[PDB]
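The listed protein sequences correspond, in order, to chains A, B, E, C and D. The first sequence lines up with residues 17 to 527 when you count with the entry's author numbering. The second sequence lines up with residues 17 to 527 when you count with the entry's author numbering. The third sequence lines up with residues 3 to 169 when you count with the entry's author numbering. The fourth sequence lines up with residues 2 to 389 when you count with the entry's author numbering. The fifth sequence lines up with residues 2 to 388 when you count with the entry's author numbering.
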Amino acid sequence: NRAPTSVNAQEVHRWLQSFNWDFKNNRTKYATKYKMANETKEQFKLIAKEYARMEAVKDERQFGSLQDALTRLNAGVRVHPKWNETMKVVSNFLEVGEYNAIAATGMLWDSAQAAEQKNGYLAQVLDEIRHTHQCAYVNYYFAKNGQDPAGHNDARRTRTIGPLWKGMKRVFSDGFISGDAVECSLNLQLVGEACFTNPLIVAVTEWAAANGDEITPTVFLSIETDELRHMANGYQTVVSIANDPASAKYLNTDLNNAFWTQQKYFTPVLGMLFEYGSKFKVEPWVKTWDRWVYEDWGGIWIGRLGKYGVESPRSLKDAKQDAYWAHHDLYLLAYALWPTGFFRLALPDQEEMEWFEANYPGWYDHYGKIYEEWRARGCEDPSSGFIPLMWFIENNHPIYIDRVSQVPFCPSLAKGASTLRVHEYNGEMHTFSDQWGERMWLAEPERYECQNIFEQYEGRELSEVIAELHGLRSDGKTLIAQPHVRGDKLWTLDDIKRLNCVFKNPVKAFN
Amino acid sequence: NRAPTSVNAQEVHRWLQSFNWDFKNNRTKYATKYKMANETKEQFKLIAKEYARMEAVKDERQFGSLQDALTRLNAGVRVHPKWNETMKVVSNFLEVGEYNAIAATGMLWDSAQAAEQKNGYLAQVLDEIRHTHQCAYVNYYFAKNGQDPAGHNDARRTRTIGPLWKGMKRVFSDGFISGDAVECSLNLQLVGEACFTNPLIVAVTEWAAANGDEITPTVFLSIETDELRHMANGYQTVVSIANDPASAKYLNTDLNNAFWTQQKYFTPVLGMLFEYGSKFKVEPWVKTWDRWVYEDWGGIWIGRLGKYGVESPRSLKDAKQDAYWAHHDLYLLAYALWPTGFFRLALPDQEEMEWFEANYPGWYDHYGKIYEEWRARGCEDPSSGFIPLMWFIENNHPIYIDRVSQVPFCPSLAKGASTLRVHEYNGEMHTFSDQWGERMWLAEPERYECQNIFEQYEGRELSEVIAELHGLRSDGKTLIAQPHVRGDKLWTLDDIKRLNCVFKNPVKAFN
Amino acid sequence: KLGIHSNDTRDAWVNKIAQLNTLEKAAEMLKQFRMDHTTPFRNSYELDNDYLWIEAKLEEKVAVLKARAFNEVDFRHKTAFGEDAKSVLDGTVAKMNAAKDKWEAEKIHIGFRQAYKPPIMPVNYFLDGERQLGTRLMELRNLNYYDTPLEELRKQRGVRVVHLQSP
Amino acid sequence: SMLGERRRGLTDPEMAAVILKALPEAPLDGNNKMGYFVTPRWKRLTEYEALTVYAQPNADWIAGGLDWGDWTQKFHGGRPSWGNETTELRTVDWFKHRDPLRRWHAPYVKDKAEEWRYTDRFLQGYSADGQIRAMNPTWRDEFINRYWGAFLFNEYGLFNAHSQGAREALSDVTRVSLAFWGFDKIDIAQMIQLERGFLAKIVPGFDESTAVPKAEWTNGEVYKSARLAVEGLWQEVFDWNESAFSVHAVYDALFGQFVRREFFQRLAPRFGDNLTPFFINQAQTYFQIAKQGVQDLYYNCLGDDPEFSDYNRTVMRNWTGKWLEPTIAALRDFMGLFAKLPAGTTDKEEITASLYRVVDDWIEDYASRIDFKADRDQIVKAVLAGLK
Amino acid sequence: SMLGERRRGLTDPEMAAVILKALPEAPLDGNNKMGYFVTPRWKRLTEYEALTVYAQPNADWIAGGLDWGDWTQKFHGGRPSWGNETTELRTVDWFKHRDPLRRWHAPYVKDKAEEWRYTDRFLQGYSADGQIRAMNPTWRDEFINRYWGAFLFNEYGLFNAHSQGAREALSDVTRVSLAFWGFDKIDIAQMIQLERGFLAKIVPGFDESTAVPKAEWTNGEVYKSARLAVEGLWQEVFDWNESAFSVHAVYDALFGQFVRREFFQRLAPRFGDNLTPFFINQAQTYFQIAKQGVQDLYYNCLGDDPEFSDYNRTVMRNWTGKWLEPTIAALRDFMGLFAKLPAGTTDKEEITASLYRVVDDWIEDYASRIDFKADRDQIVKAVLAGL
Ligand SMILES: [Ca+2]
Ligand SMILES: [Ca+2]
Ligand SMILES: [Ca+2]
Ligand SMILES: [Fe+2]
Ligand SMILES: [Fe+2]
Ligand SMILES: [Fe+2]
Ligand SMILES: [Fe+2]
């Protein structure tokens, strides 16, 4: 009779589906072509209290490791210089993905009509807040205990200087919250996390460990335990709308668009950060990509949803074709524009060129020689008066920015895709790098009006832009970004000014 | 108003002293010669709830580091074999010191009459409980993830086989609880903790790190934070009796007896564990001991209690003279009796012998030559039929156990003290190694009746004792203890049985 | 003064806005601004790098003036132009539902934003419109999304093909 | 294997040597403070601020933003990912807000977790101690099961009212506070059900099904206007600030506080019910924690904005007037519940005084902050009309 | 410097290489389970048992000991550090006891710390929410401050009663439990004062001084026999088991539970006081926690000991009888407290119902375990005679 008794989460969750009630205006406030099933269920039976507890336990182990042992081992310092820089980008860029995912799932929570589906999205809303604070903590920790705090300590504002940031906001910010809630869900859960994010998070802990970084594995491995639950949400989105006629009409189109959007950015960027932002290599991007996208995702994961009308993205073939040299094509551009970043970059060393050539036949004859020339031109030395961008100008190799994906491309030099489509519309010029992004713009002109760095910086001298956007170190003179990762001979704002580099919009050449 | 309001520990502790009330039998239940003033205050204004919170926070970090990053780094394995073994003794032996300290402070809590002094000892009661479990956790963790669990997994029973354990119980068990509460307080706090334990805990984290052990530092550094609190208790114990006339008549003799008791064991044992149980050295024990005992404790610490009538132990100079070679003399015995331990020992390698000679001129001519003689004879090879105890017998070097301290000593071989006093009393022989312990027994014969290993094992064949007391590894054949730290050629119960070693009480040689 | 966050163009508009001290005048300038500088149908791209910022500064002025001029009921239910918000919302949605194709629908939605974006129309009605108009627009646009060849789509959009490159 | 196959740069001799050799002699910048450019609200920058402020990638055209340019991808039609157009309120900087309790994710789940584990211990001690024996049966089966139970739907609706804000909030600090205000509401709804589930285990015949509480909420009279208000606040409000403001600084501040504190918290104890007050203690703790954040955002930041103070107060006054009427109606209908109580439980004077406590606290904590001229006796008189 | 001067064997290339080279190929024993030789109380050995059982270095001459030989150093006179002579009870093994809650230090401070922090939050909300406005002034200034405060000296005395057990307990598992039982008692006493200190902060003329509540305890009539039973359990008992048994399975189970649960926890609510019950909720959660440990030691282990079952039950029945008298007396004196309550607060029918709740729960939870035949009616009457 007086036996110690209590109540658990599942016991309360049993009645959660009944919490919602009917009334005329009980409907999503967001535009959508789909209808989410009113009796959709969720995989995990959680309530606020239990959610907090399981997450609190993870924080304990994580922060305990970071504040105690890892700090005592000077783990924040004993990491390869190139990797310390790579994490400035990796952690802050992923941070924004985590952040926008909060808003995105708040939007899905609004979309779902079944109490259980709302609750599933709700747990993700809280998880993405945790992940935002976690990625933030990684930069916070490396800034406080690492070899180079610059960039780690102000990325939220210094990332605005460079072009790589624009593409990140497309796939991990706007792509997550702007559009049909279902389209957003595909970018976030069905494609983003399932195809790239989750495999990426794990991969990063491996590359991190290999390069001496035990900070990232501690945090990211914890982030990973939460992501295993976010898969259920993405899968549940498709289930909730499969019994609706609209699905057969629009689902595969939103998915294909979502797939191309995500891949377009991560195919070249992830491989770039992995192979060029590390000393010790874990695996060639070419094989990693094919396993992630073609096999795991585009085969296993996608196949399971065939029973819901889901098909393999029609652009998958093109994606593979353009994928091979993509990241290599991009690093040339990222290094050439190194003064616009918030991180230090390094030319491939002798050993690395062998690895690249060994894993990518033909790399040396193209990229290898180019880097060797830039080195000869003094790209690493501050008194050289040389920046790779100048080389692109001298050899008439214009760099364009895709109006849709924001991904930088140089068709006249790339070994990969060399397509370029230029249109004039109502007094504005537009440059596209592929047939999928071009269709997106033609069909949805008003969704893609993002001004590119050349448009914004047109007629502006390089050093003035860097200075205005706070791209300097605490001494107020040395640049945050560097063309090498050594501790001496760091470029200053004055070294940049002397180059007298003035941006120009490459599209203005067209008549 | 309605402004958020609460109450802290201090605000409640403000009235803690008034919690006790007067009544006939409100007095200590333990025999004592002193009177602890009932107006005595404590340094820290804690209440049970705040105490738990500050400790809970420490556990968080500690366990987080252990279960997460440290485990991910395989910290339990990448430790020098000699150190893995040394931690079996260090952690378990200190554990009993932590454990009896619970009872000791419980006895001191009963002794104190002022509510605040009682509260001070109480906080320690709980701390000593935490330290018991912390030391336990270290063995638990090395057993779970280490290169050799035997010993770590069962020290609580396998430690009863060897002689080093008897002396540990004298200073860290019985010394802490058997006698006048104040005497125990001096063995525990004024001497044990202030002179040895505290400096030792920190030192251990230093030797641990040098030998690859990051587990112990994570735990021991946490224990240290609590110990900085127990200093106030020992100090307040003196302040509580300084006004009682009995103090001027007893304090200094109980202290001197307490000093000798503690140093008698730690002087040789700690130096041995540090210098012989490690590969990488941190500092010569002669230097360490002098700083700890003479400079820090016997000088600064004790010096500040002078205003309370406290005088430097009269046996101090005696302790310094017997110290120099003490740990070196004892390792010869510990190794000669290696089959009686619960850990594996190693002889000094070439680099170490050079280190010993450099730091202890004359070391090689005595200890070095002996070790090389034993090794060439095959003391490390189970097919040799040789155990160093035989060499002691052959060369007529009897090994005695001090009736008071339980410390093993061999006066005919020792390079250190070689005095020996043998007495008979009512049909029993007694062996003493110093003039202070001899007085203790003469004045208090009923306090010291501990049987030594030769008395208990008299006439018994070595392998039977080991088998009976479970000195075996999982396979039921291989000994836990070993004369080397390599993974091959481990001695078995059979190898020992064939030696036909039978214990004899050495004192009977006098008849 | 040609900065990213601070420049002469922005300063000039701040001064211009400082002189809009009447609701009708301010509201009219805001709508005109939107027709001239926003969406792919803007009359010109001359303020491309600063229009987003200037538009917000213009909105602030209209908002402040509207709150001072309107009684509580009108602030909640009328547009800055004195129209009844519900009527405008319903009328626009009705037109959207009558839209024959995706080309007609996009003009309706886009024009609605240009003319009624807060603080012209009350946010509650405006976002309710986004909800309804956006739905139809997507339904029309996403149907057989890939059927029209790019060659023909460029013509439908009416772009001037300046340059085409292919490996 | 014992050592494993994967070599780690931090511990692998060969790799670590390579890493150490490439290291600089000292940090390439001495400013090791992430978020150093953030204006601290207090003496020094807090961890809360560093890990949170400016996480939202707003461009300068959204007050306070540090980025530049339009969003990369917008909604069909052109609607921006985030924009000024989603709320009537204006400000000099959307990043000014600060949760006075400085709650980022870690401290937030830590505290709730402590409350969860303690709640579980409490229930086991309560059931094991047999304290249910002294609880009045009628209060338990009628008022806790049906009426307290029906209130779970009120809290659930307020929770859902936050969905659009989680998506539209114009800054990180406001989004995190809003997320937490909403999460605490769903928690309370779940604690009401938790209690009903607990009672069903220690009280034979007690049905934990939500059918009865839900029928009370959807079709009863006592909560009719309350439900009508919640339905509006949740689904008829498309402005994220009107939603949060009206919910926390109007409806929940008056109706919510009256129901939780002046009815159940106040009367449960009179029927031997220490069970319900345990959970209401959590609800009130949450209410007071949210109040601080609600006040900082709407009064300290917006209502006192250096450039839009007058405008924002005008708007919030408008909202207060808009939602005060439906709130009075909710309270008015709720008055009907007093006639259901056993005779002598409470009287008109007690009820009126308790009503004045809620209204006076509301005027002090909210209305007065924006100069809304509330007439306390007129408000109470209007509510008292509901006393059957 | 950035790297520091101290080289660590886990990360230093040279040192680590030496360590790795000395490592065996695989662990020298597959038994990686510390405490593996301990007899599991449950399906599998718990962390609680592994880290606790056998920490106490007892020799085989103390039922259950694994060590051998006498102690190394004893008291003047010859008294052993620990010995069978410190308690009447006997057993086949002193290490049999098991805390049902499996509390070692870590989980213990974790739980109390959560309670401390939630307590802080509760008070901040309570004060901000102005809930004090609905509390009865007389109940606050007279029954909470004077009579509830006085009871803190009761819990405090019970706390101290554990001092000797902390020194004499014959096993680790029993010592840890005893320690926690006592620490929770001092916590409650400190919580009573915390409430008075809180009231002091939000109630302008409230005095937190223990003067009033102390004088009530020391020279009052309400707690006279209560204090007499406390001074006895604490300073007149020298048997650690008698002290723990008599305090938890007799006195506090009767007097304590009636005062906490049946008087303040039952009446405070009627005066608009949800504050006091917030703390009594803790004291009760604690009481029920300690009860499981008390039952497992004296009933499951000693009372039902395979060899001394009869013997121990006799001794506990003796102690029950020995202390059931001072306890019943303490209750009677407490009864005079109702007279000071406002008219109509409670009737004799309610108290009789409450008294039987305490007595019946006692018989079902303790008395019946050792075959102590207690008469519910006579006890209730002797107590009820105090009105
Ligand atoms: Ca032209
Ligand atoms: Ca009605
Ligand atoms: Ca009345
Ligand atoms: Fe995430
Ligand atoms: Fe996720
Ligand atoms: Fe300790
Ligand atoms: Fe200590």
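We put the CB at the ideal spot given by N, CA and C, even for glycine.
Worksheet item: Where the beta carbon is closer than 7 Å to any heavy atom of ligand 3, which residues qualify, in chain order?
Response: C:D348, C:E350, C:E351
Discussion item. Suppose the cutoff is 6 Å on Cβ atoms and the five residues either side in sequence are ignored; what does the same chain contact list for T494 of chain A look like?
Written reply: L506, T508
Practice prompt. For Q59 of chain A, verify whether its CB is less than 7 Å away from any heavy atom of ligand 5.
Written response: no
Discussion item. 8 Å is my cut-off, CB to CB: does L91 of chain E come that close to chain A?
Written reply: Chain A has no Cβ within less than 8 Å of the Cβ of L91 of chain E.
Item to complete: Let me know if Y351 of chain A comes out buried or exposed under the rule of 16 or more other beta-carbons within 10 Å of its beta-carbon.
Response: Under this definition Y351 of chain A is a buried residue.
Item to complete: With a 10 Å radius around its C-beta and 16 neighbouring C-beta atoms as the bar for buried, classify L29 of chain C as buried or exposed.
Response: Per the 10 Å Cβ criterion, buried.
Item to complete: Report the neighbours of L4 of chain C on chain B: residues whose CB is nearer than 9 Å to its CB, in chain order.
Response: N90, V93, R94
Practice prompt. Could you tell me the distance, in whole angstroms, from the CA atom of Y357 of chain C to the CA atom of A19 of chain B?
Written response: 19 Å
Practice prompt. Tell me the start and end of each unbroken alpha helix (DSSP H) in the region 41-74 of chain A that is at least 4 residues and wholly inside, in chain order.
Written response: none
Worksheet item: residue 1 of chain C touches chain B at which residues, Cβ-Cβ below 7 Å?
Response: Residue numbering for chain C in the displayed model covers 2 to 389; residue 1 of chain C lies beyond these limits and cannot be assessed.
Fill in: Inter-stretch contact (C-beta, 8 Å, three-pair minimum) for the region 140-149 of chain A and the region 117-125 of chain A
yes
Worksheet item: Just checking, does the region 123-142 of chain A make contact with the region 25-36 of chain A on the three C-beta pairs under 8 Å criterion?
Response: yes
Worksheet item: Measuring CB to CB, does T269 of chain A end up less than 8 Å from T137 of chain E?
Response: No.
Worksheet item: What are the boundary residues of the beta strand (DSSP E) that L271 of chain B is part of?
Response: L271 of chain B -> not in any beta strand (DSSP E); alpha helix (DSSP H) instead, spanning 261-292.
Worksheet item: Going along chain A, which residues have a C-beta under 7 Å from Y47 of chain E?
Response: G443, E444
Practice prompt. Indicate, with yes or no, if ligand 5 has a heavy atom lying under 7 Å from the CB of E144 of chain A.
Written response: yes
Practice prompt. Return yes when at least one heavy atom of ligand 6 lies under 7 Å from the C-beta of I239 of chain B, else no.
Written response: yes
Practice prompt. Go ahead and label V174 of chain C buried or exposed: buried means 16 or more other beta carbons lie within 10 angstroms of its beta carbon, across all protein chains shown.
Written response: buried
Practice prompt. Please look up how many angstroms separate the CB atoms of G384 of chain A and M406 of chain A, rounded, as I've assumed it's under 8 Å.
Written response: Actually they do not touch by this definition, with Cβ atoms about 20 Å apart.
Worksheet item: Since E440 of chain B is in the beta strand (DSSP E), which residue starts that stretch and which ends it?
Response: 437-441
Practice prompt. Would you mind giving the Cβ-Cβ distance between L349 of chain A and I415 of chain A, rounded to the nearest angstrom? I have them listed as a contact below 8 Å.
Written response: 6 Å
Worksheet item: Hey, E484 of chain A and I6 of chain E: beta-carbon distance below 8 Å or not?
Response: Taking 8 Å as the Cβ cut-off, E484 of chain A and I6 of chain E qualify as a contacting pair.
Worksheet entry | For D170 of chain A, the nearest candidate out of A:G357, A:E454, A:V187, A:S421 (CA to CA) | Measuring from the Cα of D170 of chain A, the nearest candidate turns out to be A:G357.
Fill in: Contact under 8 Å by Cβ, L488 of chain B with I403 of chain B
In this structure, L488 of chain B keeps its C-beta atom at 8 Å or more from the C-beta atom of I403 of chain B.
Worksheet item: So which residues of chain A does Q78 of chain B contact, with C-beta pairs closer than 8 Å?
Response: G80, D84
Worksheet item: Should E62 of chain E be flagged as near chain A, meaning a C-beta pair shorter than 8 Å?
Response: no
Worksheet item: To the nearest angstrom, how far is it from the Cα of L4 of chain E to the Cα of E474 of chain A?
Response: 10 Å
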